[PDB]
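Note: ideal-geometry Cβ built from the backbone for every residue, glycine included; neighbour counts use all protein chains shown. Values quoted throughout were computed directly from the atomic coordinates according to the rules given, and no laboratory measurement underlies them.
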Amino acid sequence: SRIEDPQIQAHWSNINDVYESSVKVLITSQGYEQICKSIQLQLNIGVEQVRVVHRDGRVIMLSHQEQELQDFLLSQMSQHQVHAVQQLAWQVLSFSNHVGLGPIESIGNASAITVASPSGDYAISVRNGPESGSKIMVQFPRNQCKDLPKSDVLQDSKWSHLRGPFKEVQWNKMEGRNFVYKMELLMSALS
Amino acid sequence: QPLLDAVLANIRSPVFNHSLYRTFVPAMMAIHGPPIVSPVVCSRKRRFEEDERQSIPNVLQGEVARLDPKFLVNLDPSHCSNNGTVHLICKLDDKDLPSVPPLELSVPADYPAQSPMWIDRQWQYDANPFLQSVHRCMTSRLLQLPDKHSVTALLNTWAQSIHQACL
Amino acid sequence: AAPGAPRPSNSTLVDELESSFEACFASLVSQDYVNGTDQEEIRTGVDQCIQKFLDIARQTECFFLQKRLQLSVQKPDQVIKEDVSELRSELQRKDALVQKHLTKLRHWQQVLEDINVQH
Amino acid sequence: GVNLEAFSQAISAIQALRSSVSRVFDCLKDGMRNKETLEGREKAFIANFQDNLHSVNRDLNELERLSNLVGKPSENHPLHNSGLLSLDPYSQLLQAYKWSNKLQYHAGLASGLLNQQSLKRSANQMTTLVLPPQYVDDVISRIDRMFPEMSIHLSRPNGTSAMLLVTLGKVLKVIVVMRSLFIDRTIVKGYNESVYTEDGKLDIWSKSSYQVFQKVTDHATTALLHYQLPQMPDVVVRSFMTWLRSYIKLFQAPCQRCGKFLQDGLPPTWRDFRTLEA
Amino acid sequence: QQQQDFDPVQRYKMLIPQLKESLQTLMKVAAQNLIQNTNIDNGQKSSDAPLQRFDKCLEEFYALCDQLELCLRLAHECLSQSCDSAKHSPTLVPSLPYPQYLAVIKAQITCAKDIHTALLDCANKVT
Amino acid sequence: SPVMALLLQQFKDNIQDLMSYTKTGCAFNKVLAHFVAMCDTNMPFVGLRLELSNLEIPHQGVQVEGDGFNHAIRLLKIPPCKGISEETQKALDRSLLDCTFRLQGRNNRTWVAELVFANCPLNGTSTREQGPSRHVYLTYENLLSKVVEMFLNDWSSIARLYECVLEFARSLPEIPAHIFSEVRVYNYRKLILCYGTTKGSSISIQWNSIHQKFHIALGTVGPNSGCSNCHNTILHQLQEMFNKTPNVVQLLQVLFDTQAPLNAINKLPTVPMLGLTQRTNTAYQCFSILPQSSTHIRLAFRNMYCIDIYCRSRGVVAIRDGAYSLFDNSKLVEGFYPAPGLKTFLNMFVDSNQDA
Amino acid sequence: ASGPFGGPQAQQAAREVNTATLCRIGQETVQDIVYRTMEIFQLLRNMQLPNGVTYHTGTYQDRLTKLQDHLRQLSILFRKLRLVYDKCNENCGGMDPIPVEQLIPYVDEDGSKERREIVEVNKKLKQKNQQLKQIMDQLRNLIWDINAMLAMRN
């Protein structure tokens, strides 16, 4: 499910009862340890399906080979990692909602995650999901090349403060070894 | 409780209020004798210059300039150049069919203004059935707007109607 | 000055760290008598010094990351060699751990080869 | 007791008792500059007068004060003064007595602001996070039992891993079977439903309850999986114990009525309230 | 030499009414002087009543406020000292001999001085 | 209270199926979540409208650039403050720049507001110096989604601080000499420290809605400063002084004047009792620092003979007896014994030799 | 020049090449410096009273000494902070300005307008991971070994 995408660590129990047992599994984003914001714990069931709790007791039942919720957890972990690295290096608010606006109809079994972070005089935005535009990244400055100066040239004191144009980032072919290197583009604020 | 001082102090309401000095400033000078109260450089300058000289109160332009690049706002011949300064011409540039720009003539910043008046309504709208339906949905949604706000509500509702045109 | 546009300053990003680190210990490190009465006063200063310290730290971080990005887009061979050496070290560590586990299992089986007492 | 610190506030109180009257006469130092709107300015005077009532409040402040006096007056502080002239060049120590306190107080802020960490990485800079000695478990057990009115026991009949049980005011005992250092894979029950003393033959698992404590067990599992700090396992188990302590009452029911469900509890924010709402 | 039993509580309590009555008296004499001068400027020869000059009374009010403030500060110093002594010193007041207590105090002072010297050397090496 | 208003299936019911075909690319569940998702972020915001439907400009439902993926709620023409508005309002409007609201926290119950301003006079350096105002953040978290109250409180706070800052625009003769030091850039609270040959005497300025007065707290920043070097011992009193007038220049001048004298007077031990009492089994300290005024301090010794030394001049100070009270020999202060020996000659012996 | 002046590095050589390694080591150094600051603060936090009830002068006398070592540690880190800082400014070879503003279009997809050793190492690491997982599988499956047999296990 994930090669360049965030990998998954495995840690099973050291004492398993006759029937029941449990397994600890965390996201463990590459090259970082301050992104441990999604460590879900599940316990196996003999007759019924496994119960699982990510953070808030979200137990759900399932079948033999239907666990695609894992991808949703990966998307949420990506969002949480964006939040954490924003807290590392100018820390935007906590408006990383798990849903919103229905951007691309969000196919992929309820996969929906989108966050954003303006550090200085810029503005970053990200969105992910199950193949419904997984790598979504947008970044745009204030003083741009093309714009509408017609109604604004009349007003004096040119405003290099607001941020009008979307100017998507197209997060492809960039030097991201594990997608957790968005901090590099974040680093492009002032030097 | 100790209000005996209150009314007798309030007695000295009329204009001849100078004796208070001889009552307090000596005793004050006993405890507080500060020559340094405001020795720093200080001078009163009421005004230097004040006028917009370019448009209405800034708030409208300041807010509309923050809109998306999908909208393209400009001005017609200035028939209300100074006081009104509001008759906007907008061009929707996105993944949708283009159309005629609206009027968008607003009132003072209190904003009880359904700004668009559709100066070119009749002939520009009798052209094709599709754009006629666009106009119908536009006015139907505008009627639904409770106390519409020319600043954002107008353009947003117009864009929503233009995006609804695809049935 | 505050309202002035020009920024008349220089020589930072190196000495700044040592300066900030040493300076805000002054509440502690000081060759002066300490009045034995104070509360809710020394707090704001150390909050400010941790604030500025993490600020300049973040500044240094961003500078280092920008330098790394520039050198990578300039000299990718260096980054390639770095990744190669890292992969070599990772493979070496994996092999060492495998050998350690193998020796442990060998010892474990060898000691209890004759776990059974008699028959 | 520690009510003496309240007197400190009283200090500030009497400080105002001075400033107040000054603020009075300063207000009388000049008359109406230009009212032009109303005559509340004079009332403004009385406004300052109103603050004088605060002084009376100071006298009221003594009602809550004066709890009780401690024996052995002077609190062993001037005993050094009883020494001969040879001992007097010793006040320095007393200074350090405050200084050390400031030290702690400084750390009290510093450690606090240490909460916002900046460790961009935590690996590739080196080990054996699992505690080797089977004695630190007993240390943690004793540290937990140092807490009052909350008894803890442990037998560990399974093997190298740790197994323990804890009881509280109710019969809602909790059985925690975890690894060498950090707590994981625990469970809770109530009223001998587990009976993990000699259940069947030993401290049985039985993975069950009558659909009441199951949510609490899941929440405790979540808390264990979330409080797993990279280091300091003692801090982790202490935080776990403090979290467990928060259910000793099960009485209040804020932000809802006490009829939403079977029960209500989810305090990771150091405060319990109506469950199924966060 | 005061010999007030060194107990600040009942002293401050019994002194509060002094502040109250002194404030009352100063307000009264201020109002008297006010009505006097307001009859002087525009009235007639009516205000014939020698009252207090309002200087001595107000200043002695400040002085008693001062004395109570210094007494309260002494009380706070005493309680704070008792608190920290209890918090960071055992109870031995005639079970350890006084020379042992003095030696312990000196050892703690030396350890604090060592800590201070270490922090100073750290600050020096930093700079 | 079950309402009986229209429902109309106000959403895309039931053309939402055609919304699925509006995508660019085993279960159709993908649609269902959307609904139970969108409400989770849609219904809160309109409620905020009902709260903002009472102050001004309830322009709701705006969407920032679409790609931001966040329901946007901006602010337009912030209402005036009940405080000083006669002339400060014009400056506030001239400085009013882009500003908006976003959700926060775990997206359930938390609000965040973002503000920026025009050219900030107090904006110095060492804070990523930029022409326009970088950022102003506000966070709130209620319990029954009243945030407008705390919002307007913070607005009035920053307004009063901006008034103070605008009044600060001047040129003091010799004080600015002590490079410039105003590096504590105004975010929403102005601090200053420019004393002791470096940063030092960090002041505090803010408005807490708890009451009307301000907050003032001396600082302890500066390597070559004392152990505390603060001004706490008088700070409280000094605060009411600034309550008299917002002239920060007055605070600066008075602090620069009183620094050296209080620095000297704090050197002596005051807190410790200096062993047992000199006379009897009673308890007595050795010194008692006394902040009874703004600049006049009457240090005591063994609860008696408290001389009164203070500073009011530009470079000089004055000492006087504390038992006369503008009364040579009429009466006393009803306290400590007066006139201990002779202090005037002891002072004049080392008061001013070169002065004539 | 910039060399191994006592830096806790794993395998890095710190030579005239691999400025990437230099920048990464400097970043790691400043991160560890901040971490050491936090750590020494945490240590000095619980600086209990030297005059212990039971312990007279035994425990703390050692601990404080250890703290000194910690101090020494952070000390040399500052030295390292300089050693890298020169090197960062020393290797000014190739496109000195390097506008990141212009670079942002370059890292974008479009605007509507040597690797042999790398691949070899990649294939080697992939085969290593394959054989590693193959070795894993056995002990992974046989890991429980008591789970089904807890009915009689003790």
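Would you confirm whether or not the range G:93-107 contains a residue that is surrounded by 12 or more Cβ atoms within 10 Å (Cβ to Cβ), within 13 Å of chain A (Cβ to nearest Cβ), polar (S, T, N, Q) and outside any loop (DSSP other than H, G, I, E, B)?
Scanning the range G:93-107, I find no residue that is surrounded by 12 or more Cβ atoms within 10 Å (Cβ to Cβ), within 13 Å of chain A (Cβ to nearest Cβ), polar (S, T, N, Q) and outside any loop (DSSP other than H, G, I, E, B), so the answer is no.
Would you mind stating whether F:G66 is in contact with a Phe, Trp or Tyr (Cβ under 8 Å, 6 or more places away or on another chain) and not hydrophobic (A, V, I, L, M, F, W, C)?
Working: in contact with a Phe, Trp or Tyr (Cβ under 8 Å, 6 or more places away or on another chain): yes; not hydrophobic (A, V, I, L, M, F, W, C): yes.
Answer is yes for this residue.
Select from the range F:118-156 the residues that are within 9 Å of chain A (Cβ to nearest Cβ) and more than 18 Å from the chain's Cα centre (by Cα) and list them in ascending order. If you could, list the steps in order and put the result at the bottom.
Our first condition is that a residue be within 9 Å of chain A (Cβ to nearest Cβ); within the range F:118-156, this holds for F:118-119, F:128, F:130-135, F:137, F:139.
Correct list: F:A118, F:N119, F:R128, F:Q130, F:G131, F:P132, F:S133, F:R134.
So, in the range A:142-170, exactly how many residues are closer than 19 Å to F:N70 by Cβ and assigned to a loop (DSSP other than H, G, I, E, B)?
Selection size over the range A:142-170: 8.
Using beta carbons and a limit of 6 Å, which pairs, at least six apart or on different chains, have the first residue in the range A:101-123 and more than 7 Å from chain F (Cβ to nearest Cβ) and the second one crowded, with 20+ Cβ neighbours inside 10 Å and basic (K, R)?
Pairs found: A:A123/A:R163.
Report every pair of residues separated by at least 6 positions or lying on different chains whose Cβ atoms are under 6 Å apart, first residue within the range D:113-128 and under 17 Å from D:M232 (Cβ atoms), second surrounded by 10 or more Cβ atoms within 10 Å (Cβ to Cβ) and hydrophobic (A, V, I, L, M, F, W, C).
What qualifies is D:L114/G:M38; D:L114/G:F41.
Just give me the residues in the range D:72-85 being within 10 Å of another protein chain (Cβ to nearest Cβ) and either surrounded by fewer than 17 Cβ atoms within 10 Å (Cβ to Cβ) or under 10 Å from F:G275 (Cα atoms) (or both), in sequence order.
D:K72, D:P73, D:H77, D:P78, D:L79, D:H80, D:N81, D:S82, D:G83
Name the residues in the range D:58-71 that are surrounded by 12 or more Cβ atoms within 10 Å (Cβ to Cβ) and part of a helix (DSSP H, G or I), would you? Spell out how you get there, then give the answer.
First pass over the range D:58-71, keeping only residues surrounded by 12 or more Cβ atoms within 10 Å (Cβ to Cβ): D:58-59, D:61-62, D:65-66.
Matches in the range D:58-71: D:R58, D:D59, D:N61, D:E62.
Quick check: is even one residue across the range F:308-327 within 14 Å of chain D (Cβ to nearest Cβ), under 38 Å from the mean Cα position of the chain (by Cα) and either of a type outside the set (D, E, K, R) or on the phi > 0 side of the Ramachandran plot (or both)? Explain how you work it out, then say what you get.
We begin by selecting, within the range F:308-327, every residue within 14 Å of chain D (Cβ to nearest Cβ); these are none.
So far as the range F:308-327 goes, no, none of its residues is within 14 Å of chain D (Cβ to nearest Cβ), under 38 Å from the mean Cα position of the chain (by Cα) and either of a type outside the set (D, E, K, R) or on the phi > 0 side of the Ramachandran plot (or both).
Which ones in the range F:169-203 are closer than 13 Å to F:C120 by Cβ and either surrounded by fewer than 20 Cβ atoms within 10 Å (Cβ to Cβ) or more than 19 Å from the chain's Cα centre (by Cα) (or both)?
Selection gives F:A169, F:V185, F:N187, F:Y188.
List the pairs whose first member sits in the range C:8-19 and is closer than 16 Å to G:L77 by Cβ, whose second member is not aromatic (F, W, Y), and whose Cβ atoms are under 6 Å apart, counting only residues at least 6 apart or on separate chains?
Pairs found: C:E16/C:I56; C:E18/E:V126.
On the given criteria, is F:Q285 surrounded by 20 or more Cβ atoms within 10 Å (Cβ to Cβ) and either outside any helix (DSSP H, G or I) or within 14 Å of chain D (Cβ to nearest Cβ) (or both)? Talk me through it step by step, then tell me what you get.
Numbers: surrounded by 20 or more Cβ atoms within 10 Å (Cβ to Cβ): yes; either outside any helix (DSSP H, G or I) or within 14 Å of chain D (Cβ to nearest Cβ) (or both): yes.
Yes.
Give me the residue from the range A:177-191 that is in a helix (DSSP H, G or I) and of a type in the set (D, E, K, R) and, out of that set, nearest to A:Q81 (Cα to Cα). Before the answer, list the steps.
At the first step, the residues of the range A:177-191 found to be in a helix (DSSP H, G or I) are A:182-186.
Within this subset, residues satisfying the condition of being of a type in the set (D, E, K, R) are A:182, A:184.
On the way: A:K182: 10, A:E184: 14 Å.
Of everything passing the filter in the range A:177-191, A:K182 is nearest to A:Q81 (Cα to Cα).
Look through B:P35, B:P69, B:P57, B:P39 and report the one residue that is within 8 Å of another protein chain (Cβ to nearest Cβ), touching a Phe, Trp or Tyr at 6+ places or on another chain (Cβ under 8 Å) and outside any helix (DSSP H, G or I). Give the steps one after another, and end with the answer.
On the way: B:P35 fails: touching a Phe, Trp or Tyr at 6+ places or on another chain (Cβ under 8 Å); B:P57 fails: touching a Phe, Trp or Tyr at 6+ places or on another chain (Cβ under 8 Å); B:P39 fails: touching a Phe, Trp or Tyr at 6+ places or on another chain (Cβ under 8 Å).
B:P69 is the lone residue from the list that is within 8 Å of another protein chain (Cβ to nearest Cβ), touching a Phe, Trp or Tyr at 6+ places or on another chain (Cβ under 8 Å) and outside any helix (DSSP H, G or I).
May I ask you to list pairs of residues, at least six apart or on different chains, whose Cβ atoms are under 7 Å apart, with the first in the range A:80-98 being farther than 16 Å from C:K52 by Cα and the second being of a type in the set (D, E, K, R) and surrounded by 20 or more Cβ atoms within 10 Å (Cβ to Cβ)?
Listed by first residue and then by second, the contacts come to A:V82/A:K182; A:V85/A:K182; A:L93/F:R102; A:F95/F:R102.
Quick test of your reading of the structure: D:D203 fulfils all but one of (1) surrounded by 15 or more Cβ atoms within 10 Å (Cβ to Cβ); (2) over 24 Å from D:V139 (Cβ atoms). Name the failing condition by number.
Failing condition for D:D203: (2).
Please pick out the residue among G:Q27, G:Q48, G:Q61, G:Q31 that is part of a loop (DSSP other than H, G, I, E, B) and either among the polar types (S, T, N, Q) or under 26 Å from the mean Cα position of the chain (by Cα) (or both). Working first, answer last.
On the way: G:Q27 fails: part of a loop (DSSP other than H, G, I, E, B); G:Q61 fails: part of a loop (DSSP other than H, G, I, E, B); G:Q31 fails: part of a loop (DSSP other than H, G, I, E, B).
When all the criteria are applied, what remains is G:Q48.
Among (1) surrounded by fewer than 18 Cβ atoms within 10 Å (Cβ to Cβ); (2) within 12 Å of chain D (Cβ to nearest Cβ); (3) assigned to a loop (DSSP other than H, G, I, E, B); (4) at negative phi, which single condition is E:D5 missing?
Tallying (1) surrounded by fewer than 18 Cβ atoms within 10 Å (Cβ to Cβ); (2) within 12 Å of chain D (Cβ to nearest Cβ); (3) assigned to a loop (DSSP other than H, G, I, E, B); (4) at negative phi, E:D5 fails exactly one: (4).
If you check E:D114 against the conditions, is it more than 30 Å from G:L44 (Cα to Cα), of a type outside the set (A, V, I, L, M) and not in a loop (DSSP other than H, G, I, E, B)?
Details: more than 30 Å from G:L44 (Cα to Cα): no; of a type outside the set (A, V, I, L, M): yes; not in a loop (DSSP other than H, G, I, E, B): yes.
Judged against the criteria, E:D114 is not a match.
Is it the case that some residue within the range D:127-141 is assigned to a loop (DSSP other than H, G, I, E, B), of a type outside the set (S, T, N, Q) and under 30 Å from A:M183 (Cβ atoms)? Walk me through how you get there before you give the answer.
Here is the first cut: in the range D:127-141, the residues assigned to a loop (DSSP other than H, G, I, E, B) are D:127-135.
Those left that are additionally of a type outside the set (S, T, N, Q): D:129-133, D:135.
Imposing the further condition that a residue be under 30 Å from A:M183 (Cβ atoms) reduces the set to D:129.
Yes: one or more hits.
Here are F:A37, F:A72, F:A33: which of them is within 22 Å of A:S106 (Cα to Cα), surrounded by 15 or more Cβ atoms within 10 Å (Cβ to Cβ) and either out of contact with any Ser or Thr (no Cβ under 9 Å at 6 or more places or on another chain) or more than 7 Å from chain A (Cβ to nearest Cβ) (or both)?
Values: F:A37 fails: either out of contact with any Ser or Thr (no Cβ under 9 Å at 6 or more places or on another chain) or more than 7 Å from chain A (Cβ to nearest Cβ) (or both); F:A33 fails: either out of contact with any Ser or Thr (no Cβ under 9 Å at 6 or more places or on another chain) or more than 7 Å from chain A (Cβ to nearest Cβ) (or both).
Selected residue: F:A72, the only one of F:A37, F:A72, F:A33 that is within 22 Å of A:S106 (Cα to Cα), surrounded by 15 or more Cβ atoms within 10 Å (Cβ to Cβ) and either out of contact with any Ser or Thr (no Cβ under 9 Å at 6 or more places or on another chain) or more than 7 Å from chain A (Cβ to nearest Cβ) (or both).
E:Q108 - would you say it is over 24 Å from the mean Cα position of the chain (by Cα), under 24 Å from D:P89 (Cα atoms), within 10 Å of chain D (Cβ to nearest Cβ) and of a type in the set (S, T, N, Q)?
On the way: over 24 Å from the mean Cα position of the chain (by Cα): yes; under 24 Å from D:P89 (Cα atoms): yes; within 10 Å of chain D (Cβ to nearest Cβ): yes; of a type in the set (S, T, N, Q): yes.
For E:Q108, the condition - over 24 Å from the mean Cα position of the chain (by Cα), under 24 Å from D:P89 (Cα atoms), within 10 Å of chain D (Cβ to nearest Cβ) and of a type in the set (S, T, N, Q) - is met.
Identify, please: which residue in the range G:50-85 is charged (D, E, K, R) and within 10 Å of chain E (Cβ to nearest Cβ) and is, among those, farthest from G:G26 (Cα to Cα)? Full working, then the answer.
Kept after step one, since they are charged (D, E, K, R), are these residues of the range G:50-85: G:62-63, G:66, G:69, G:72, G:79-80, G:82.
Narrowing further to those that are within 10 Å of chain E (Cβ to nearest Cβ): G:72, G:79.
Details: G:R72: 19, G:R79: 11 Å.
Selected residue: G:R72.
Which pairs turn up if I take residues in the range D:222-236 that are under 17 Å from A:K37 (Cα atoms) and look for partners that are assigned to a helix (DSSP H, G or I) with beta carbon separation below 6 Å, at least 6 apart in sequence or on another chain?
Within 6 Å, the pairs are D:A223/D:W243; D:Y227/D:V236; D:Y227/D:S239; D:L229/D:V236.
Working carefully through the options A:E48, A:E68, A:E105, find the one that is farther than 25 Å from F:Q104 by Cα, crowded, with 16+ Cβ neighbours inside 10 Å and not hydroxyl-bearing (S, T, Y).
On the way: A:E48 fails: crowded, with 16+ Cβ neighbours inside 10 Å; A:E105 fails: farther than 25 Å from F:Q104 by Cα.
Result: A:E68 is the single residue among A:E48, A:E68, A:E105 that is farther than 25 Å from F:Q104 by Cα, crowded, with 16+ Cβ neighbours inside 10 Å and not hydroxyl-bearing (S, T, Y).
Name the single residue, out of those in the range E:88-105 being in a helix (DSSP H, G or I) and at the interface with chain D (Cβ under 8 Å from one of its Cβ atoms), that is surrounded by the most Cβ atoms within 10 Å (Cβ to Cβ). Spell out the reasoning first.
At the first step, the residues of the range E:88-105 found to be in a helix (DSSP H, G or I) are E:98-105.
Filter once more, so that each one left must be at the interface with chain D (Cβ under 8 Å from one of its Cβ atoms): E:98, E:101-102, E:105.
Working: E:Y98: 15, E:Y101: 19, E:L102: 15, E:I105: 21.
Selected residue: E:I105.
Which numbered condition in (1) more than 8 Å from chain D (Cβ to nearest Cβ); (2) touching a helix residue (DSSP H, G or I) at 6+ places or on another chain (Cβ under 9 Å); (3) under 30 Å from F:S325 (Cβ atoms); (4) of a type in the set (A, V, I, L, M) is the only one that E:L70 fails?
Failed condition: (2).
Would you be able to tell me the number of residues in the range F:77-92 that are more than 22 Å from the chain's Cα centre (by Cα) and outside any loop (DSSP other than H, G, I, E, B)?
Adding up the residues that qualify gives 1.
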